[PDB]
Amino acid sequence: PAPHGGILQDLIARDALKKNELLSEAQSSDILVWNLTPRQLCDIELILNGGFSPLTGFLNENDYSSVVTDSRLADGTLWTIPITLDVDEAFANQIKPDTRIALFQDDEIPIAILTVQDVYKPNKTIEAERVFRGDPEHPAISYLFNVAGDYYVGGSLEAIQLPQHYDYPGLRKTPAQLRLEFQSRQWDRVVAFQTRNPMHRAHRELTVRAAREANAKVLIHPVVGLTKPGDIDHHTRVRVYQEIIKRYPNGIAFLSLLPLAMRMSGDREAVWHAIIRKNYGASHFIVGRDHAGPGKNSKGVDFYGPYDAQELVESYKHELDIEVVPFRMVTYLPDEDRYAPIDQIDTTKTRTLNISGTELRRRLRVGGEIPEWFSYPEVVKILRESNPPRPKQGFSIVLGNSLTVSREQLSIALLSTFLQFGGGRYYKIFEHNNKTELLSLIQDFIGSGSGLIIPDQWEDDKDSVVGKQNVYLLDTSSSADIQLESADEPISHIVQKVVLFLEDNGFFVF
Amino acid sequence: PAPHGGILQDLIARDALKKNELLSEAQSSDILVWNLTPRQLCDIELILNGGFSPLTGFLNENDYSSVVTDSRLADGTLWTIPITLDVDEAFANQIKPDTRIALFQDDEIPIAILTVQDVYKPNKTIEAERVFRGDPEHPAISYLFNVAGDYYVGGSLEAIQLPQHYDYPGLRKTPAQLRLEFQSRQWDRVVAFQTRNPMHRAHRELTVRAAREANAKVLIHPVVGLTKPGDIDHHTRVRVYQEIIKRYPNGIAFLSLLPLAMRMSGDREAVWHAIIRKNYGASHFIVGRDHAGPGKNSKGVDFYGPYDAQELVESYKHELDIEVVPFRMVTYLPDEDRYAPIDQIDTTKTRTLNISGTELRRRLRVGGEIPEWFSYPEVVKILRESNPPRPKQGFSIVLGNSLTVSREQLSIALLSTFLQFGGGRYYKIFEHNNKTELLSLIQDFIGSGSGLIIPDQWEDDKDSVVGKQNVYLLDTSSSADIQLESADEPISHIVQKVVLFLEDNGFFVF
Amino acid sequence: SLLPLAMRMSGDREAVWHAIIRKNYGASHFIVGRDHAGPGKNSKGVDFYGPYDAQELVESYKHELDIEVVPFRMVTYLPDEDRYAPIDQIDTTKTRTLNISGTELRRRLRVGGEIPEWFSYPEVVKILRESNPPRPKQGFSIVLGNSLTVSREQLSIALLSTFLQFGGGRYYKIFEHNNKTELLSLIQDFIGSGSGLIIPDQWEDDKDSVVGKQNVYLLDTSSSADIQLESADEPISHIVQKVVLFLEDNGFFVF
Ligand SMILES: [Ca+2]
Ligand SMILES: [Ca+2]
Ligand SMILES: [Ca+2]
Ligand SMILES: [Ca+2]
Ligand SMILES: [Ca+2]
Ligand SMILES: [Ca+2]
Ligand SMILES: [Ca+2]
Ligand SMILES: [Ca+2]
Ligand SMILES: [Mg+2]
Ligand SMILES: [Mg+2]
Ligand code: NA
Ligand code: NA
Ligand code: NA
Ligand code: NA
Ligand code: NA
């Protein structure tokens with residue numbers, strides 16, 4: 001269909017003949033420079049390549065206010081997520097309307113020149129409530145208060161280049177490029193599938209069925225910009241998508257990566273997704289159950305209703321100009337060796353099988369079997385490599401402050417003891433001396449599968465520097481992961497406590 | 001047989017009732033303390049447990065001179081390797097005869113009190129020549145000049161405790177303990193096998209044949225103290241011995257670890273080994289081809305003749321009091337599915353198979369098959385775990401000084417590129433800022449299988465801090481491992497050069 | 001030994017006839033099954049014969065048959081005891097049993113599913129799979145219905161080129177029968193050989209009897225079509241996709 005607003009705002013194309021000129025200006029000594037943050041880089045790529053058509057810059061207060069309260073740009077164009085350039089006061093103060101500033105990536109690569117229209121301090125309390133529903137635990141609200149700048153700079157953009165990416169050069173198609181890929185294949189009906197997770201057998205099945213019903217080709221369009229905290233890394237996911245696209249009938253599907261920064265904003269995000277896929281050339285779009293939903297908060301309540309997304313999108317159906325295809329999740333029928341829509345089974349007493357996210361996680365943690373009816377083996381293999389089981393995981397044992405036994409001797413005893421076991425894990429007594437440059441390497445060694453023996457705790461104000469995954473405290477305190485009977489417990493007894501704790505937790509298998 | 005000199009000089013036993021007293025003295029504030037070096041700890045353990053009977057301390061100049069020139073202690077007792085306490089001038093100066101000094105381990109554990117008899121500066125030139133044959137490349141000569149102290153302190157020892165070891169508590173039998181293990185089994189004929197390497201099928205076969213011919217039981221007595229530079233680590237080797245001892249007929253063999261610091265001194269060392277095994281309770285000993293030989297020097301010449309060891313030991317046969325069993329290395333006969341003594345085959349046209357050390361190393365490097373006729377599969381599995389193949393090895397790419405392209409961008413491009421590949425290797429851009437505490441971690445990450453991207457070289461006087469294994473220099477210089485066509489070669493071309501170099505060297509497999 | 005008999009599927013009377021024939025062939029004893037020689041149930045689901053009619057008729061003639069009839073004791077598998085036991089001797093005491101019906105066996109052979117050794121010897125199963133290959137190895141025909149107004153030559157060519165992309169080893173052919181019996185009768189021969197035929201036009205109705213219906217699918221707008229077209233002039237690329245996805249859904253193509 002036609003881009004949202006009618007014209008694809010591909011600014012790279014629009015400004016092609018101004019590239020040298022804009023680059024020189026961006027590099028002039030007198031121009032103010034703002035280094036884009038990771039989320040701003042995702043957003044600016046989508047504005048610059050027309051993925052956010054009709055947007056041609058970051059929203060000034062006029063459009064922003066209208067999006068916050070009315071889900072529309074000031075001119076009435078449907079638009080549910082505010083895209084703004086958030087900066088701190090020190091920068092906002094040296095800015096005024098008409099000022100032209102250079103926007104860089106990594107303080108080295110000029111990306112665009114922004115012509116300032118306005119500078120404002122938005123009420124982040126109202127934004128959180130009106131756009132993200134108010135729950136302080138909502139990923140977007142957490143970001144909005146703890147990470148985002150307090151000042152928004154509205155303005156028009158002129159393109160120099162899209163944010164630099166060295167991985168997957170072939171798969172990161174812009175809207176113009178994707179439309180040409182579809183055109184060269186004579187594809188005029190394409191149904192897009194959104195995802196920020198690995199794809200299992202059920203997803204392959206549901207997308208092929210969607211294609212069959214809409215008489216459309218398939219576009220697997222995963223998000224590789226920012227997704228939900230804790231999600232599988234995009235490199236692992238892309239490997240999974242590259243593997244699964246090979247399981248579709250030849251010529252039915254195309255894989256392209258979307259550098260979007262999701263807000264995990266449920267229904268409003270679903271509408272935003274529909275618009276973006278339309279800009280990218282899709283004729284149809286699948287809106288999932290709890291689409292773009294961040295789950296439940298700490299008290300167990302849903303941030304969004306499971307069908308809020310499908311209902312909001314349905315309310316705007318007459319002006320979206322992209323067909324939404326009903327979501328028919330499928331499940332496996334052992335006795336029939338096939339998959340069927342969950343809305344069509346049971347009631348007649350029919351056996352079904354499924355593996356939840358929690359169960360999948362468990363199996364990967366213990367190195368357990370994962371059935372081919374659930375996920376293609378080549379996909380499972382990829383997931384195991386990126387998320388190895390306990391016998392292959394790294395860890396750290398921290399000698400707590402309470403210890404009065406020799407820390408040097410206890411560290412040496414632990415190292416010598418661990419070196420007896422087979423397995424191939426690399427071990428090291430690691431002294432950080434409370435230095436950030438050393439503390440930040442702890443998770444790097446753990447991520448490499450190594451076992452670190454840390455002779456002393458770091459100061460509390462350094463905690464934030466060390467991730468807590470697989471880090472265990474050996475101490476007398478009740479908070480200790482491995483509790484000592486006493487501060488001067490004999491070294492040989494301490495060693496045994498540690499070895500048995502590690503075995504009980506799967507790090508050692510005998 | 002009886003210990004060398006007639007009495008087992010087990011000083012731990014002799015001084016049992018003086019332990020508290022010696023410990024208190026060792027901890028007194030006025031006593032001089034010497035912290036034992038790694039080799040001195042191996043030597044003192046053997047003196048203290050009677051393994052070096054008749055020695056009861058470190059050799060004074062009188063005994064030392066006699067050992068150097070006559071291969072005997074001043075009283076005429078056969079003894080071929082000088083065992084002395086080497087210290088630096090600053091320490092030797094505050095010493096005089098009769099002074100009692102405490103000898104510690106790790107500056108914390110009191111090991112013994114030494115009553116000084118003399119302090120002297122030996123002629124390391126004559127020692128190197130008379131004892132180790134003079135080749136500056138001999139492991140012992142290298143140690144003697146670059147590591148050993150220039151002053152020797154002769155003196156009698158009183159024991160507090162043997163050097164502390166937290167690994168393999170069960171297998172480190174002292175001479176008294178080993179003799180009791182043999183006695184409890186009624187073993188009065190025992191043939192000892194020396195080794196500092198993994199044991200393959202040929203070694204199991206040769207030791208069982210030795211047992212059959214000498215009507216003796218088998219003692220596998222591997223060295224776990226100091227061995228030849230570059231040898232497989234003792235933890236890996238001990239795992240191999242524990243696995244292979246299970247392939248002997250039940251009740252025929254016993255495994256015990258020897259904390260000896262070898263000098264790699266060929267024939268003289270072979271004689272020293274015979275004496276030590278006699279002290280440990282063995283009735284027979286196997287002297288190998290090029291026994292305890294460090295190989296060939298840089299010019300390809302042998303440090304020792306292949307039969308020098310067997311001949312020197314034979315010359316002392318009438319006073320050693322331990323029977324030397326002829327070395328009959330075996331080889332595999334495919335067509336007969338059995339092993340036979342190499343001195344009994346061929347001439348009659350007989351097919352044989354063998355795998356050299358170089359070939360074994362190659363196979364482990366590429367992940368190639370290693371036949372069960374050569375080595376038990378459970379042993380091979382252990383060796384692969386400790387020495388993983390290239391696709392599982394870590395590495396570092398160092399951006400050379402010549403580079404004028406952005407180091408930040410090139411590092412980021414390499415990381416993103418590497419993250420595309422499967423495999424499970426962990427990657428990190430590692431900034432050392434020429435700090436020793438960071439530089440020393442490079443081989444730790446490589447040892448954990450990780451891939452480091454290092455944006456700049458360290459200063460030359462820091463080279464010694466970073467091992468060179470799997471560290472590759474990307475630069476324009478002809479010395480570069482990955483040579484750049486020019487200092488400003490485009491980043492995408494540089495990335496491809498690096499990826500293809502890594503693939504060609506086996507780190508990436510597609 | 002093989003018996004060249006033409007059964008009538010005549011249940012009880014046939015069972016008696018069978019007893020006489022086996023006696024002629026030299027047997028001293030004969031087993032009369034449950035619903036022996038029974039053709040099953042009719043269209044309304046009623047049995048042509050009672051399950052024990054055969055055993056009862058034969059029993060009524062026992063004194064003049066001169067061949068001993070041995071009681072039929074069908075057995076079933078007891079997983080927990082790794083053995084087989086007479087079904088008339090199990091259960092009641094809560095005993096787990098396993099069995100595979102004819103319908104289930106047929107299903108498994110159609111999808112290429114596992115068939116347990118406790119049910120049938122693997123060498124027997126292998127033979128059955130060879131003679132009754134699973135869907136990815138079965139032949140088929142797609143018939144371009146009379147309703148189509150798109151080019152039949154182009155649509156046939158598009159289907160052939162499309163099918164040739166897929167792996168598998170199936171042989172494909174655009175097959176013109178021109179309503180000739182000598183060609184029509186070969187359709188099931190190609191299907192039986194595992195081949196995929198693309199037939200550009202339907203044959204006349206009075207020729208239907210010449211072509212078996214197994215694995216023959218009609219692409220047409222009519223509600224009777226196996227693969228229903230949205231319209232008579234649906235674009236060729238959309239028609240091709242409908243056909244490929246129908247074939248995949250029915251197991252002929254596996255990706
Ligand atoms: Ca703030
Ligand atoms: Ca819910
Ligand atoms: Ca205490
Ligand atoms: Ca010196
Ligand atoms: Ca030689
Ligand atoms: Ca140049
Ligand atoms: Ca019935
Ligand atoms: Ca029409
Ligand atoms: Mg980009
Ligand atoms: Mg010790
Ligand atoms: Na920088
Ligand atoms: Na709701
Ligand atoms: Na210390
Ligand atoms: Na010689
Ligand atoms: Na009846």
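- If you check the header, you'll see the entry was determined by X-ray crystallography and the resolution is listed as 1.95 Å.

- Looking at the PDB entry, one finds chain C named SULFATE ADENYLYLTRANSFERASE and attributed to Saccharomyces cerevisiae.

- If you look chain A up in the PDB entry, it shows as SULFATE ADENYLYLTRANSFERASE from Saccharomyces cerevisiae.
- As stated in UniProt under Function, the record for chain A gives "Catalyzes the first intracellular reaction of sulfate assimilation, forming adenosine-5'-phosphosulfate (APS) from inorganic sulfate and ATP. Plays an important role in sulfate activation as a component of the biosynthesis pathway of sulfur-containing amino acids."
- Here chain A is described in UniProt, under the heading Sequence similarities, as follows: "Belongs to the sulfate adenylyltransferase family."

## Section: the interface of chain C and chain A
Here is step 1: Contacts between chain C and chain A engage 15 residues on the former and 18 residues on the latter.
Here is step 2: Of the roughly 1300 Å² buried between chain C and chain A on both sides combined, carbon and sulfur atoms contribute 42%.
Here is step 3: Of all residues in chain C, C:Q241, C:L245 and C:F255 give up the largest surface area on contact with chain A, accounting jointly for 44% of the area buried on that side.
Here is step 4: At the boundary of chain C and chain A, one finds 3 salt bridges.
Here is step 5: Between chain C and chain A we count 6 residue pairs in polar contact in total.
Here is step 6: Looking at which element gives the most residues to the side of chain C that touches chain A, the answer is helix α9 (residues 236–249) of chain C, with 8 residues.
Here is step 7: Looking at the side of chain C that touches chain A residue by residue, the class counts come to 6 nonpolar, 3 polar and 6 charged.

## Comments concerning the domain arrangement of chain C
Residues and elements named next belong to chain C.
Here is step 1: The assigned domain composition of chain C is domain 1 (1–133) and domain 2 (134–255).
Here is step 2: Placing the centre of domain 1 and that of domain 2 at their C-alpha centroids yields a distance of 39 Å.
Here is step 3: Contact with domain 1, which involves 6 residues of that partner, is made by 4 residues of domain 2.
Here is step 4: Summing the contributions of domain 1 and of domain 2, the shared interface buries around 360 Å²; its carbon and sulfur component is 62%.
Here is step 5: For the domain 1 face of the interface with domain 2, the top three residues by lost area are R110, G112 and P133, together amounting to 88%.
Here is step 6: Summed over the shared surface of domain 1 and domain 2, the result is 0 salt bridges.
Here is step 7: Run the count over domain 1 and domain 2 and you get 2 residue pairs in polar contact.
Here is step 8: Among the residues making up the side of domain 1 that touches domain 2, the classes are represented as 3 nonpolar, 2 polar and 1 charged.

## Examining the packing of aromatic side chains
Here is step 1: What the rule picks out here adds up to 62 aromatic pairs over all chains.
Here is step 2: Ring geometry for A:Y64 versus A:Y120: centroids 5.7 Å apart, planes at 50°, classification tilted. A residue pair is termed long-range when its members are at least 10 positions apart, and A:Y64 in helix α4 (residues 61–70) and A:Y120 in strand β5 (residues 109–120) qualify at 56 residues.
Here is step 3: Of the residues examined, A:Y64 reaches a relative accessible area of 6% and is grouped as buried.
Here is step 4: Consider the rings of B:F421 and B:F508, whose centres lie 4.8 Å apart with planes at 70°: the pair is edge-to-face. Of the two residues, B:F421 is situated in the loop between α16 (407–418) and β15 (427–429) and B:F508 in the segment after α19 (491–504); the sequence distance between them amounts to 87 residues.

## Points about the relation of the copies chain B and chain A
Here is step 1: Rotating chain B by 180° about the axis while translating it 0.0 Å along that axis superimposes it on chain A, leaving an RMSD of 0.0 Å. When the rotation and shift are considered jointly, the pair of chain copies conforms to a two-fold rotation axis. Closest to the rotation axis within chain B is the C-alpha of B:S448, separated from it by 3.1 Å.
Here is step 2: Take the interface residues of chain B: 100% of them recur as interface residues in chain A, which is what a same-surface contact looks like.

## Examining the interface of chain B and chain A
Here is step 1: Every contact between the two is made by 37 residues of chain B and, on the other side, 37 residues of chain A.
Here is step 2: Taken together, both faces of the contact between chain B and chain A bury some 3200 Å²; the carbon and sulfur share is 51%.
Here is step 3: Across the salt bridge formed by A:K435 and B:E437, the nearest N and O atoms sit 2.6 Å from each other.
Here is step 4: Viewed at the interface, chain A and chain B are joined by 22 residue pairs in polar contact.
Here is step 5: Among the elements of the structure, α10 (234–244), α16, α17 (436–439) and α18 (442–447) of chain B are those that each provide at least two residues to the side of chain B that touches chain A.
Here is step 6: A total of 6 residues in the side of chain B that touches chain A trace back to one element, the largest contributor, which is α16(B).

## Section: a positive patch on the surface
Here is step 1: There is a patch of like positive charges on the surface, built from A:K381, A:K392, B:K381 and B:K392.
Here is step 2: Locating A:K392 in the fold gives a position in the loop between α15 (377–386) and β14 (395–399).
Here is step 3: Residue classification places A:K392 among the exposed positions, given a relative accessible area of 51%.

## Side note on the coordination of the calcium ion (ligand 6)
Expected angles at a metal are 109.5 degrees for tetrahedral coordination by four donors and either 90 or 180 degrees for octahedral coordination by six donors.
Here is step 1: Those donors, B:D488 (OD) and B:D488 (OD), are the protein atoms that reach the calcium ion (ligand 6), and they lie 2.3 to 3.1 Å from it.
Here is step 2: With respect to the helices and strands, the residue B:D488 is situated in the loop between β18 (482–483) and α19.

## What to know about the domain arrangement of chain A
Here is step 1: The domains assigned to chain A are domain 1 (1–188), domain 2 (189–388) and domain 3 (389–510).
Here is step 2: Measuring from the centre of the C-alpha atoms in domain 1 of chain A to the corresponding centre in domain 3 of chain A gives 45 Å.

## Some remarks on the arrangement of the chains
Here is step 1: Contact analysis covers 2 pairs of chains in contact, and the most contacts occur between chains A and B.
Here is step 2: A minimum C-alpha distance of 22 Å separates chain B and chain C, which share no contact.

## Examining the UniProt feature "binding site: ATP" in chain A
Residues and elements named next belong to chain A.
Here is step 1: The UniProt feature table records "binding site: ATP" at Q194, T195, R196, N197, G288, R289, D290, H291 and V330.
Here is step 2: Tracing the backbone through its elements, the reader meets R196 in the loop between β7 (190–195) and α9 (201–214).
Here is step 3: The exposure class assigned to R196 is buried, which follows from its relative accessible area of 15%.
Here is step 4: Here the side chain of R196 touches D231 through a polar contact of 2.6 Å, side chain to side chain.
Here is step 5: When you line up the elements, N197 lands in the loop between β7 and α9.
Here is step 6: Under the relative-accessibility criterion, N197 is labelled partly exposed at 32%.
Here is step 7: Leave out the neighbours within four places in its chain, and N197 touches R237 and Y241.

What counts as what
- Residues numbered from 1 in each chain as written, not as in the entry; some residues may be left out.
- Chains lettered and ligands numbered in written order.
- Part of a larger assembly, values for the part shown.
- Heavy atoms only, no water.
- UniProt positions renumbered as here; feature names shortened; annotations may be inferred.
- Contact = heavy atoms within 4.5 Å.
- Buried area = accessible area lost by both parts, 1.4 Å probe.
- Salt bridge = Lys/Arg side-chain N within 4 Å of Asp/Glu carboxyl O.
- Polar contact = N/O pair within 3.5 Å; in protein donor to acceptor, adjacent residues only side chain to side chain.
- Helix = DSSP H or I, 4+ residues; strand = E, 2+ residues; numbered from the N terminus.
- Nonpolar A, V, L, I, M, F, W, Y, C, P; charged D, E, K, R; others polar.
- Domains from an automatic or database assignment.
- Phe/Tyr/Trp six-rings, centres within 6.5 Å; stacked < 30°, edge-to-face > 60°.
- Buried < 20%, exposed > 50% of the residue type's maximum accessible area, 1.4 Å probe, protein only.
- Least-squares fit on C-alpha atoms.
- Patch = residues over 30% accessible without salt bridge, like charges linked within 9 Å, V, L, I, M, F, W, Y side chains within 5 Å.
- Areas by Shrake-Rupley, 256 points an atom, 1.4 Å probe, with all protein chains shown as cover.
- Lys, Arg positive; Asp, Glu negative; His and termini not counted.
- Charge placed at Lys NZ, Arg CZ, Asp CG, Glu CD.
- Donors = N, O, S within 2.8 Å, 3.2 Å for Na, K, Ca; no water.

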